[PDB]
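Listed below, chain by chain, are the residues.
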Amino acid sequence: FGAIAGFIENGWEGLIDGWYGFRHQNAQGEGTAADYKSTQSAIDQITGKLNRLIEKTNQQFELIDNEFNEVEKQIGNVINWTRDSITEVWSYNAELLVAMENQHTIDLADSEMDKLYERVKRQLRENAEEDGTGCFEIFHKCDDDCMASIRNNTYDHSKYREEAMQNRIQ
Amino acid sequence: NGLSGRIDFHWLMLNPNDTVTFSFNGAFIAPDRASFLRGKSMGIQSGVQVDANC
Ligand SMILES: *[C@@H]1O[C@H](CO)[C@@H](O)[C@H](O)[C@H]1NC(C)=O
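Header annotation of the entry names X-ray crystallography as the structure determination method and lists the resolution as 4.656 Å.

(A) Expanded view of the overall build of chain B. When helices and strands are counted, chain B shows zero helices and zero strands. The C-alpha radius of gyration of chain B comes to 19 Å, more than 25% above the 10 Å expected for a compact globule of 54 residues. Dimensions along the principal axes, computed over C-alpha positions, put chain B at roughly 55 × 40 × 15 Å. Counting only residues that meet the buried cut, chain B has 0% of its 54 residues in that class.

(B) Geometry of unusual backbone geometry. Residues and elements named next belong to chain A. Phi at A5 is positive, roughly 65 degrees, even though this residue is not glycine. Within the secondary structure, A5 sits in helix α1 (residues 3-7). The phi angle at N153 is positive, at roughly 60 degrees, despite the residue not being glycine. With respect to the secondary-structure elements, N153 resides in the loop between α6 (144-151) and α7 (161-167).

(C) Molecular detail of the state of the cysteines. Residue and element names in this part refer to chain A. Counted according to the given criterion, the structure contains one disulfide over all chains. Put simply, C142 and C146 are joined by a disulfide, and their sulfur atoms are 2.0 Å apart. Since a negative S-S torsion denotes a left-handed disulfide, the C142-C146 link at about -100 degrees is left-handed. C146 carries the same exposure label as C142, and that label is buried.

(D) Region of interest: the side chain of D35 of chain A. Residues and elements named next belong to chain A. With respect to the secondary-structure elements, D35 resides in the loop between β2 (30-32) and α2 (36-53). No salt bridge is formed by the buried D35; its nearest oppositely charged neighbour, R119, is found at 4.3 Å. Of the polar contacts made by the side chain of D35, one reaches the side chain of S38; its length is 2.7 Å. The contacts of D35, once residues within four sequence positions are left out, are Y20, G21, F22, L116, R119 and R151.

(E) Local environment of the interface of chain B and chain A. Tallying the contact residues gives six residues for chain B and seven residues for chain A. Surface buried jointly by chain B and chain A totals about 480 Å² across both partners, of which 55% is contributed by carbon and sulfur atoms. Here chain B and chain A share one salt bridge between them. Residue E62 of chain A pairs with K40 of chain B through a salt bridge whose shortest N-O separation is 3.1 Å.

(F) Geometry of the packing of aromatic side chains. Residues and elements named next belong to chain A. Summed over all chains, the structure comprises five aromatic pairs over all chains. Considering the side-chain rings of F7 and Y117, the 5.5 Å spacing of their centres and the 50 degrees angle between planes classify their relative orientation as tilted. On the criterion of sequence distance, the pair formed by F7 in helix α1 and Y117 in helix α5 (residues 114-123) is long-range, its members being 110 residues apart. Here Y155 and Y160 contribute two aromatic rings whose centre-to-centre distance is 6.3 Å and whose plane-to-plane angle is 5 degrees, an arrangement assigned as stacked. Judged by relative accessible area, which is 9%, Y155 ranks as buried. Using a relative accessible area of 24% as the deciding quantity, one classes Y160 as partly exposed. Within the aromatic cluster, the residues linked to one another by ring pairs are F7, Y117 and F136.

What counts, and at which threshold
- Residues numbered from 1 in each chain as written, not as in the entry; some residues may be left out.
- Chains lettered and ligands numbered in written order.
- Part of a larger assembly, values for the part shown.
- Heavy atoms only, no water.
- Helix = DSSP H or I, 4+ residues; strand = E, 2+ residues; numbered from the N terminus.
- Rg over C-alpha atoms; globule rule 2.2 N^0.38 Å.
- Buried < 20%, exposed > 50% of the residue type's maximum accessible area, 1.4 Å probe, protein only.
- Disulfide = S-S within 2.5 Å.
- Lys, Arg positive; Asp, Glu negative; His and termini not counted.
- Salt bridge = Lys/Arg side-chain N within 4 Å of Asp/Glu carboxyl O.
- Polar contact = N/O pair within 3.5 Å; in protein donor to acceptor, adjacent residues only side chain to side chain.
- Contact = heavy atoms within 4.5 Å.
- Buried area = accessible area lost by both parts, 1.4 Å probe.
- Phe/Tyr/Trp six-rings, centres within 6.5 Å; stacked < 30°, edge-to-face > 60°.

This is how it looks when you write it as structure tokens:
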């Protein structure tokens, strides 16, 4: 999707308290916040895959060979043919199941990144523009208490609507 | 074991409500008691020790 390792240049090693977080700046300073939903929905998926593969089987199988009193040779080259070909199958699915469930895991991080980005893109509405590295250039005044209203999705667009439409075109 | 002669032991399986018959006059190693399978278990092989608390 282009988010992680696309147009965001990088990630933030200080964000202990989430996978995903906020980081703003105004006339006060800079602070590194976090986002619970976006972090938590992703945690729900990594451990969902986990709870699948733990599901084992209820089919039991007996020891059919013998490594003390050995069985016959014309049959060993057939059992060592079926077993050494079942070995080659589950070594193919673990080659494919493990290779895929990891392939499908990183992309759940670019769709949870275009889902937090195209939402703040809709609360702000027609009040900010996007520069390049993945930020929203605010041209009005928004302090520590105003930013936290975009965080918990209580920000109102018609509340600062006429200021940013007067500092963006000018 | 100091012996050169051998004893080859055979077996068959007698279904419930049936019989077995031997006719002979020599070289016979007789059976005194016949086993009866008790139920379900599992046999394996290993060359190591056991553990019971796990
Ligand atoms: C066994 O055989 C006898 C006679 O052959 C018969 O009466 C009986 O029903 C059979 N079955 C059992 C369980 O004894």
